[PDB]
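Chains as they are written, first to last, in our numbering: chain Y, 146 to 234; chain E, 8 to 128; chain C, 9 to 127; chain W, 311 to 353; chain V, 334 to 439.
Quick reminder that beta carbons are idealized off the backbone N, C-alpha and C, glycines included.
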Amino acid sequence: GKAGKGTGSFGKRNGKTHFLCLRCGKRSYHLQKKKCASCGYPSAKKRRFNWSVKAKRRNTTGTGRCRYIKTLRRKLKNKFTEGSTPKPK
Amino acid sequence: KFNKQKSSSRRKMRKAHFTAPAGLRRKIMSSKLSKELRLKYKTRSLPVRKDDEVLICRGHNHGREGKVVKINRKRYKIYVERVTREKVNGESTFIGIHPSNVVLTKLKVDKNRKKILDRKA
Amino acid sequence: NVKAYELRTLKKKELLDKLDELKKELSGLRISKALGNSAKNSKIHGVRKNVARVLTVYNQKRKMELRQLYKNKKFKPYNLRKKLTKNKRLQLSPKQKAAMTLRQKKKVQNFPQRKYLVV
Amino acid sequence: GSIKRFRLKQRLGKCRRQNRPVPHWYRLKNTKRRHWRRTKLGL
Amino acid sequence: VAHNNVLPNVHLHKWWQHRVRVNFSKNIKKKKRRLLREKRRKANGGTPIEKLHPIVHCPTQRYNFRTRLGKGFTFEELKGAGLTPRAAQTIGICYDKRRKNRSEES
RNA sequence: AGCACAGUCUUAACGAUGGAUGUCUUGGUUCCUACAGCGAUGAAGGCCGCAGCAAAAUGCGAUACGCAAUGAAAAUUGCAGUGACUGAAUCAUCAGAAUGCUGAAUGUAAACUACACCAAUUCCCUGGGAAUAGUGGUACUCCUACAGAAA
RNA sequence: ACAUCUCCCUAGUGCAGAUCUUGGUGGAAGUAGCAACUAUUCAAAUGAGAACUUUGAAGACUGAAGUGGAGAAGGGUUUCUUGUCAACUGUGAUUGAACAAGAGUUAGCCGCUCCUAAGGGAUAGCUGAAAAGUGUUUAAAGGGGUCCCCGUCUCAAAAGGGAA
RNA sequence: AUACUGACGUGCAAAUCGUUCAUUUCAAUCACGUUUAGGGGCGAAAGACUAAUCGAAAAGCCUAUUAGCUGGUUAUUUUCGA
RNA sequence: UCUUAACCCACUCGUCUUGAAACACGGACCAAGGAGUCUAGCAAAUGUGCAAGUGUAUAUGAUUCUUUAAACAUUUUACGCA
RNA sequence: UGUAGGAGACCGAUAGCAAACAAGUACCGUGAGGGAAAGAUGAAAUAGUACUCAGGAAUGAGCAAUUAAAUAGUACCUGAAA
RNA sequence: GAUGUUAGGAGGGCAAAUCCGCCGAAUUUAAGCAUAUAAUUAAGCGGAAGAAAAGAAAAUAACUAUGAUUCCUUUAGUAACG
């Protein structure tokens, strides 16, 4: 058999059954079973297992520029009332 | 020395030296004032400005007086009119001088400078 | 070029007319930039910033008008209301925290602690 | 393959735009590139 | 085990390495405690923040001779003093509700 | 203008080769001190944009390497270009304004820019006139109130 | 930037070797080798330079189960024009599927998109500490009608069905 | 994929190439989509197969598992020495 | 000092093994890195301070505040061990 | 753990966090995942190799030339051994 | 008990070092191994906070008794369990 266990097997490889995943961006969406391997996309839960430290750290808060949290920092320190400003000239 | 608020490390001071905001850049672009002027203003040292007249006290260019051309905040170098140098291709530019190496004769007067002098005296 | 206070002077029709004028000019620069011409390219940044100033001033005035419209009457629209931490919003009032039963009120009023000395 | 998906097509066009060499003027004031035959996008 | 060596009594067979703690904060912690009480006293006008305990007996055959600071005066001693529970809270004397006031001598 | 032996091995001198050693060091390291939660009022994460010349981590979000405001405050500059003699050029602070598409993600969907339904909607002017197919709302569970039905 | 033998503390403190770890480098060696697939020649042009670039003339071969056309998967600007030769194109190289600058894919009717299937995901329930395991099965639920009569939903075929 | 135990055996190839040979209308072959998952599946049974992985896949961790056993275990002089 | 000579002598080092020049095993070469440590408790040794006592524990205190994260102090039946 | 200070009888680019850096990146794996190599010219390049000659060009040389210094020319400190 | 895009509100998810719950192993030790051991540890699923939980006696004592909680020094490597 020319599709044999070894080199011959690799020629019949076509048709990727994993894709990108919108809630991941790291290639991990199994198309056939409609499920992300990495972030668990069809589930609300994000699949954040604790048995790998490397996996645990390589996505975290402070990966994604933190579009509200970054903005929130310093405000806590300042303690201005909401809607308040500096005074005019 | 006594305050424990600010680090005594080499490391923090250097980082602060390289990452300076503009007011800090202005502070470390100050030069010592002329002797009668120091008495006049009650002020040791002043931040350099565009049309100032300095005397050079250090390097191969020492003892030369002259007006400041351009100030380079980024490399922390002032340029003075009579410290020209020709380059590899013979283009003439001004030698950049760190502000430690110059003493200020006639400072330029302007509204901001007046406010600084009023603050100092 | 244009400066905020001059825009704040303007009425809403006048401010919008300026906004529209800037868009048309901005488009002309953009067309010019798209063409092989290099005549006015740097000015586009300034115009984009000018447009930004117009919009910020108009939006601030509109926001103030909305605040003026919903002066008091207990409820502003949701996201015109106080945005604060979810926790802080959830939190029990100090006024309510302070309040206490009649027997507690009697205890507090009758028996506060006092300060003292010795010989 | 021959037929395409709008998301895929956009990302591929992005990757192509990113690929092209650095402005020479930037060096007067280039670490990463892909070549299609020996490096695939891994998608 | 070998030679003249006594049998050991260590318990380091369990994973102690994440169940161990070393105190390097001691003297600074002591300073912080001092600072906290000093700040508190000063805030109270410099008035005492100290609590006056009853004298009470130490227990059983071993310590029956000895006497120490107790939990609180309680009603019979307060009644003998002519002081109310509310007064006892108001002033620096220590408070209780279930320490019996025992024998006459105490 | 002559004369050398060759090859192989060894020695010294001088170079190539190589990146050790030495010297640094806006980094790591451990400790101590200090504060310490974000989210349907839409977080974290992810995309997609956005630089005058601009690919990138950075930065920002359709007003997009910043807008406004305050405090500093005269430069900027690789080229082009933009200002001064102090709401302009530059910083820092940052409370105001703004914050695409997503994502718990929540109208039904999803290898889809696919598809419902109910409100058509916005601006300008001082009680009216103009624009635009545009913009919202409508998930599941719970609770209080109300409703009309079912003892 | 360097010492202390004056004294004394401290230590990630002394290497030839571990089929040591890591990095560089030799002898082996200008050697093994560049042998599937019948074959090239002449002249000219280009250029610094031509066995293997281009043009022409010959000779030949593929021989409709084609090194010919088309399309699916998969790849993704590899396309195309205009330049071009540091490195690459296991020989040469002016060539190039390399590098540089641009250009370029136009749909009421072709596909997808729509429909249901094998299937999958849920609601209704019910279990299970939860996580999950199940899926009309002990339901007060989408359509048609002058207040009445019907009804589990939802995604799933780029070769089935499917207007043009 | 039977044989030449052919060529090849630092390959054209971690199973290729040549010649020979079996199969060719059905228990047929092919595609795509789909199902069943790890002491589990699935198996015209060979412990076969389940992504160059199998008498128990891959990934990560308990873990620096354990090893009476193998290997290695770094300057000098002097003294006593099995 | 280096350099060849010449007379006489001169077997691969490490290694496990009673025994390796071995037809025993490891080593193409060079550079850098590269292996009895640390904690707990115990023992003897020797130094040191005190002695029928000893240690000062948690902690308190101070005219102690870059270095102070240590140093200094402890208004007569606490506890360990003896 | 996040953020902010202050530290050191710590490491000094094969070490120290995997990361002194455009590194949780490149790159590899069907995927879960796995995961690097990678700092230094000079005081000053607003001193970064002008000019000439020989070269098709690369380059080379110079009576020419910056610098204190170019067997200091950006694969730039020092530059060991093989 | 239904039904409501009725009017007003709330929950969902993320992040996890320390915190609180559940659910919950084995490598390992005994030079074997079964009880014991690892260990009410790891992984899993949940909930919180700047600390959390715990806490005002259905308590300890047998004294001349003590008198909510938490923490340290200790009892103590002891009673006890095997």
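Query raised in the report: Hey, is the segment 84–94 of chain E in contact with the segment 62–74 of chain E, meaning 3+ C-beta pairs nearer than 8 Å?
Result: Result yes; three or more Cβ-Cβ pairs closer than 8 Å.
Query raised in the report: Between the segment 95–113 of chain C and the segment 16–31 of chain E, do three or more beta carbon pairs fall short of 8 Å?
Result: Contact fails: fewer than three Cβ-Cβ distances are below 8 Å.
**Report entry** Residue-level contact to chain W via CB, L165 (chain Y), 8 Å cutoff
**Finding:** By this cut-off, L165 (chain Y) is an interface position.
Query raised in the report: What span of residues does the beta strand (DSSP E) with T407 (chain V) cover, start to end?
Result: Following the DSSP letters along the chain, one finds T407 (chain V) in no beta strand (DSSP E) but inside the alpha helix (DSSP H) bounded by residues 407–414.
**Report entry** Segment limits, beta strand (DSSP E) that includes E88 (chain E)
**Finding:** 84–93 is the extent of the beta strand (DSSP E) around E88 (chain E).
Query raised in the report: Would DSSP call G149 (chain Y) helix, strand or coil?
Result: It is coil, neither helix nor strand.
Query raised in the report: If we count Cβ pairs, one from each stretch, closer than 8 Å, do we get three or more for the segment 24–39 of chain C versus the segment 104–112 of chain E?
Result: The segment 24–39 of chain C, when compared against the segment 104–112 of chain E, does not touch it at the 8 Å Cβ threshold.
Query raised in the report: Residues of chain W with CB under 9 Å from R219 (chain Y), in chain order?
Result: Here the premise fails: no neighbours, minimum Cβ distance about 31 Å.
Query raised in the report: Would you say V76 (chain E) and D59 (chain E) are within 8 Å of each other, going by their C-beta atoms?
Result: No, they are not a contact pair.
Query - For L125 (chain C), the first and last residue of its enclosing alpha helix (DSSP H) - result: According to the DSSP assignment, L125 (chain C) belongs to no alpha helix (DSSP H), since it is labelled neither H nor E.
Requested in this report: Starting from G352 (chain W), find everything on chain Y with Cβ-Cβ shorter than 9 Å and list it in chain order.
Outcome: Going along chain Y in sequence order, the residues near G352 (chain W) (Cβ under 9 Å) are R172.
Query raised in the report: Does DSSP put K314 (chain W) in a helix, a strand or coil?
Result: Annotated three-state conformation of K314 (chain W) is coil, per DSSP.
Query raised in the report: Would a C-beta distance cut-off of 8 Å place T423 (chain V) and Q121 (chain C) closer than the cut-off?
Result: Yes. Within cutoff.
Requested in this report: Check each candidate in C:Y13, C:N80, C:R38 and name the one with the smallest Cα separation from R61 (chain C).
Outcome: For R61 (chain C), the nearest C-alpha among the options comes from C:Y13.
Report task. Return helix, strand or coil for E73 (chain C), following the three-state DSSP convention. Result -> Helix.
Query raised in the report: Among the residues of its own chain, which have a CB less than 6 Å from the CB of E410 (chain V), if the five just before and after it don't count?
Result: So the list reads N434, once near-sequence residues are dropped.
Query raised in the report: Per the contact definition of three or more C-beta pairs closer than 8 Å, is the segment 175–186 of chain Y in contact with the segment 158–165 of chain Y?
Result: Between the segment 158–165 of chain Y and the segment 175–186 of chain Y there are three or more C-beta pairs closer than 8 Å, enough to call the two in contact.
Query - Of the listed residues Y:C166, Y:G149, Y:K180, Y:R219, nearest to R317 (chain W) (C-alpha basis) - result: The residue with the shortest Cα to Cα distance from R317 (chain W) is Y:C166.
Requested in this report: Going by DSSP, name the residue or residues bridged to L111 (chain E).
Outcome: The bridge partners DSSP lists for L111 (chain E) are E:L40, E:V61.
Query raised in the report: Would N377 (chain V) count as contacting chain C if we go by Cβ distances under 8 Å?
Result: Yes, its Cβ sits closer than 8 Å to a Cβ of chain C.
**Report entry** Residue burial classification, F101 (chain E) (beta-carbon count within 10 angstroms, cutoff 16)
**Finding:** Burial call: buried.
Query raised in the report: For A182 (chain Y), which residues of its own chain have a beta-carbon under 7 Å away from its beta-carbon, when the five flanking residues on both sides are left out?
Result: Once the five neighbours on either side are set aside, the close Cβ partners of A182 (chain Y) are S173, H175.
Query raised in the report: Nearest to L124 (chain E) by alpha carbon, out of E:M36, E:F25, E:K42, E:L53?
Result: The shortest Cα separation from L124 (chain E) among E:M36, E:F25, E:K42, E:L53 belongs to E:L53.
Query - C-beta contact flag for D429 (chain V) and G413 (chain V) at 8 Å - result: Going by C-beta atoms, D429 (chain V) is not nearer than 8 Å to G413 (chain V).
Requested in this report: Would you mind telling me which residues of chain V sit closer than 8 Å to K123 (chain C), beta carbon to beta carbon, in chain order?
Outcome: By Cβ distance, chain V contributes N377, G378, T380.
**Report entry** chain C contact residues for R419 (chain V), given Cβ-Cβ distances below 8 Å
**Finding:** Simply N118, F119.
Report task. Kindly indicate the opening and closing residues of the alpha helix (DSSP H) around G30 (chain E). Result -> For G30 (chain E), the uninterrupted alpha helix (DSSP H) segment begins and ends at 29–34.
Query - Any non-hydrogen atom of the ligand ATP closer than 7 Å to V109 (chain E) Cβ - result: Absence of the ligand ATP is noted for the structure shown, with no ligands found whatsoever.
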